[PDB]
Each structure stands twice: as C-alpha cells, then as structure tokens.
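Undergrad: Handing you a structure now.
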Amino acid sequence: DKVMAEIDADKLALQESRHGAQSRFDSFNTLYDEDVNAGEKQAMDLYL
Amino acid sequence: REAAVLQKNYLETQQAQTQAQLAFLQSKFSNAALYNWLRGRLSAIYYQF
C-alpha cells in the first residue's frame, strides 16, 4: 500500500513539473507571436 | 520514510518469530536434551547387553 502511495506522490511531482514547462511554453509562445512591440515599432518609425 | 518504518516493523516481527521458533525448540519435549539423555542411557544399556 505504501509503495502504491509513493507512486501517487511521484505522479504529483511530475505533474507540478509539467505545469512549469507549460508556463514556460505559453510565455515564450506569446513572446514569439509578437515580433516587435508597439513601442518597438514606434522606435523604428522614429529612427526612419 | 513511512514505508521504511513498516519495513523495520516487519523485521522486528521476523526477529520475534525466530525467537518463537527457538523457544519452541528449547521447550519441546523431543528437544536435543531428551536425545542426549536417551542415547547416553541406551549406550550404557547397549554396552552391557
């Protein structure tokens, strides 16, 4: 029974690893979706 | 950790069971002391016979 409970708690540890990998993926994905920012394109306009 | 505590309880159970087998072999009627007496007495009888 305690062996099976150890398997359960290890599953919870891997799920909380997956949550952090998902947060990184969503954050770098929304960073990659915008090429430049509004102010960054504004600065390009100003240099031009 | 709780699994290891259960393992230690299991080993202490095995220790008490080994001691129970030992106490049974010490306290049984057909123990080694009866056979010591029995072959010494029968050895004396056997030489005289």
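Chains W and Z, in that order, are what the protein sequence lines are.
Following the working numbering from start to finish, the first sequence increments by one per residue and tops out at 48.
Following the working numbering from start to finish, the second sequence increments by one per residue and tops out at 149.
No residue lacks a Cβ here, since even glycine has one placed at the ideal position from N, Cα and C.
1) Would you check if the region 1-12 of chain W and the region 103-112 of chain Z touch, i.e. whether three or more CB-CB distances between them fall below 8 Å?
2) Quick one: is W/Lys2 near chain Z, going by C-beta distance under 8 Å?
3) Please decide whether Z/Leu106 counts as near chain W, where near means a Cβ-Cβ distance under 8 Å.
4) Do Z/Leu122 and Z/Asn131 come within 8 Å of each other at the CB atom, strictly closer than that value?
5) Is Z/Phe124 helix, strand or coil by DSSP?
TA: Inspection of the coordinates gives the following:
1) yes
2) yes
3) yes
4) no
5) helix
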